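Structure record follows, encoded as structure tokens.
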Amino acid sequence: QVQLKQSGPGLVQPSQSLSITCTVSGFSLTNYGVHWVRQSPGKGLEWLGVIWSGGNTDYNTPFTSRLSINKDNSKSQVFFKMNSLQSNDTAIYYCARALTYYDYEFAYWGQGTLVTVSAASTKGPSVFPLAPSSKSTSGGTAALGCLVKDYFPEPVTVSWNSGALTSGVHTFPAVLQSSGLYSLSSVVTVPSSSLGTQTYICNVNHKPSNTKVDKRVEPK
Amino acid sequence: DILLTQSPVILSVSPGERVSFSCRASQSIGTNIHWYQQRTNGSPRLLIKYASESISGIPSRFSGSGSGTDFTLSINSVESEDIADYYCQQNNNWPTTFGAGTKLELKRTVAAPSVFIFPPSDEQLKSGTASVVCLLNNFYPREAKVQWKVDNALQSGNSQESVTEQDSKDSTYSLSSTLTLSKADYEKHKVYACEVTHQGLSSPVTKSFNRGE
Amino acid sequence: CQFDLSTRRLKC
């Protein structure tokens with residue numbers, strides 16, 4: 001089917017420039033324009049601009065002088081570049097495609113790229129087990145999890161047993177600590193009788209720091 | 001630029017009820033309005049185009065109407081999968097603009113939390129920091145109190161809470177309260193207790209451990 | 001309300 005896959009999230013220093021790649025499939029950039037939309041806390045959804053089938057670009061007015069969109073039809077890539085970012089340029093950036101070649105009803109979206117504008121440094125998390133016990137087992141159900149501590153910036157992805165375990169998973173919103181680093185926990189409830197039979201692994205991935213950790217979580 | 005005003009900011013309904021979202025435009029935009037759904041951690045999903053026209057793959061319970069300045073997206077029988085924010089978009093005038101969204105929350109029966117406490121791991125203790133985690137799982141409604149006591153001393157200012165968005169299947173929330181202290185402070189004390197207060201509990205629930213046993 | 005970058009949801 002139609003798909004748009006964006007490059008990974010990450011940090012950009014203030015007054016520096018942002019670059020995202022959108023790789024499309026299931027259609028040809030020669031037949032459809034690709035639009036760029038961002039979503040921020042301050043301004044919500046903003047349409048930024050578009051590159052059309054034949055290479056022309058339109059940019060939303062407040063961005064004409066710091067926005068550049070280019071593409072490579074053969075490689076099915078669209079390249080978004082935006083100059084001199086400030087803190088309020090922190091947002092989820094998306095590429096999108098309309099239903100028809102000339103229109104703006106966005107039926108296909110990329111997965112979004114969270115861009116953080118900040119002067120700080122990237123830092124991978126430490127992953128610590130939240131071990132099941134009796135103080136976490138009632139009625140035959142055990143709770144267990146992973147503490148994903150001290151990383152920057154957002155986001156971090158957490159899955160369980162390489163994607164095979166989804167039922168009963170809660171991955172909490174990250175909270176910013178006084179250190180300026182994020183921390184979160186991811187929990188799952190499972191039958192306590194399965195704790196000696198099944199392995200439970202939280203797969204943690206902090207793409208901004210290329211930190212991938214698999215943490216086995218065992219009864220203590 | 002056309003300004004789009006969505007109202008109210010929050011809607012709260014019970015499953016099976018009908019719900020309407022309003023999107024008003026600063027001047028007439030004909031029927032050039034598109035609606036989107038955003039679920040937790042999602043990108044927008046196109047629900048309706050041009051005020052009333054269906055989109056392939058979208059459940060028939062979604063519909064929209066309106067023309068001129070006053071537009072309405074409707075769900076004729078809400079389901080828990082519909083927990084999301086809803087946005088309108090105008091494209092009668094360049095540049096295309098979006099409204100600020102309406103949040104759709106679901107009501108359900110009271111569900112008391114299951115409470116679990118997790119001591120700090122020996123791994124984390126090697127780093128000189130101790131995190132104590134108190135989990136409140138699968139409850140409704142959102143309001144809850146977590147009180148930390150270390151050796152009967154009330155703990156204040158040294159814990160942080162996080163609440164999930166509403167579950168798309170059972171409409172519950174879960175909450176984590178993390179008490180953080182230095183390894184030195186953690187080693188100088190014995191009884192770690194979080195106390196949980198919730199409408200669904202007939203008295204507070206205390207989970208505790210002694211550092212060690 | 002206000003958009004939350006962590007959850008992609010409005011926080012009111």
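Each chain in the structure tokens gets a letter, A, B, ..., in the order shown, and its residues are numbered from 1; ligands are numbered from 1 in order too.
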query = Could you list, as a PyMOL selection string, every residue of chain C that has an atom within 7 Å of an atom of chain A, counting only C-alpha atoms?
reply = chain C and resi 2-7
I need the residues from that last selection saved to file as an mmCIF file, in the first residue's frame (with N, CA and C atoms), if you can.
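The result, stored in again.cif:
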data_model
loop_
_atom_site.group_PDB
_atom_site.id
_atom_site.type_symbol
_atom_site.label_atom_id
_atom_site.label_comp_id
_atom_site.auth_asym_id
_atom_site.auth_seq_id
_atom_site.Cartn_x
_atom_site.Cartn_y
_atom_site.Cartn_z
ATOM 1 N N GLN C 2 -3.476 21.879 25.158
ATOM 2 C CA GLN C 2 -2.125 22.031 24.636
ATOM 3 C C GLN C 2 -1.600 20.674 24.200
ATOM 4 N N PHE C 3 -0.993 20.641 23.016
ATOM 5 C CA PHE C 3 -0.469 19.409 22.447
ATOM 6 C C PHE C 3 0.764 18.938 23.215
ATOM 7 N N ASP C 4 0.801 17.640 23.529
ATOM 8 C CA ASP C 4 1.891 17.015 24.277
ATOM 9 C C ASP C 4 2.731 16.189 23.310
ATOM 10 N N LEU C 5 4.017 16.551 23.174
ATOM 11 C CA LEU C 5 4.901 15.870 22.229
ATOM 12 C C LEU C 5 5.158 14.425 22.626
ATOM 13 N N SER C 6 5.079 14.120 23.926
ATOM 14 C CA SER C 6 5.344 12.759 24.386
ATOM 15 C C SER C 6 4.246 11.790 23.955
ATOM 16 N N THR C 7 2.988 12.157 24.160
ATOM 17 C CA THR C 7 1.847 11.286 23.910
ATOM 18 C C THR C 7 1.139 11.569 22.591
#
Close residues, residue 198 (chain A) itself excluded, 10 Å, only C-alpha atoms, min 5 positions apart in chain, as a JSON list (two decimals) with C-alpha atoms, in the first residue's frame:
[["chain", "number", "residue", "atom", "x", "y", "z"],
["A", 161, "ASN", "CA", 9.47, -9.83, 24.00],
["A", 190, "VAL", "CA", 1.29, -11.52, 33.37],
["A", 193, "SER", "CA", 2.54, -19.07, 36.99],
["A", 218, "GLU", "CA", 13.30, -11.77, 36.50]]
Show me which bits of chain C are within 7 Å of chain B, counting only C-alpha atoms, as a PyMOL selection string. chain C and resi 1+7-10
### Query
Got a sec: who's within 10 Å of residue 163 (chain A), counting only C-alpha atoms, leaving out chain neighbours fewer than 5 positions off, as a ChimeraX atom specification?
/A:158,201-203
message = Give me the residues near residue 2 (chain A) as a list in words, where near means some atom within 9 Å (using only C-alpha atoms) and where sequence neighbours in that chain fewer than 2 positions away do not count.
response = residues 4, 24, 25, 26, 27 and 108 of chain A
Residues of chain B at most 7 Å from chain A: nearest atom pair and distance in Å, only C-alpha atoms, as CSV:
residue,atom,partner,partner_atom,distance
B:34,CA,A:105,CA,6.5
B:43,CA,A:111,CA,6.0
B:45,CA,A:107,CA,7.0
B:46,CA,A:107,CA,5.4
B:49,CA,A:105,CA,6.6
B:95,CA,A:60,CA,6.5
B:96,CA,A:47,CA,6.5
B:97,CA,A:46,CA,6.6
B:98,CA,A:45,CA,6.0
B:100,CA,A:44,CA,6.3
B:116,CA,A:136,CA,4.6
B:117,CA,A:135,CA,6.1
B:118,CA,A:130,CA,6.0
B:121,CA,A:129,CA,6.5
B:123,CA,A:128,CA,6.7
B:124,CA,A:128,CA,6.3
B:162,CA,A:173,CA,6.1
B:163,CA,A:172,CA,6.4
B:164,CA,A:172,CA,5.5
B:207,CA,A:135,CA,6.9
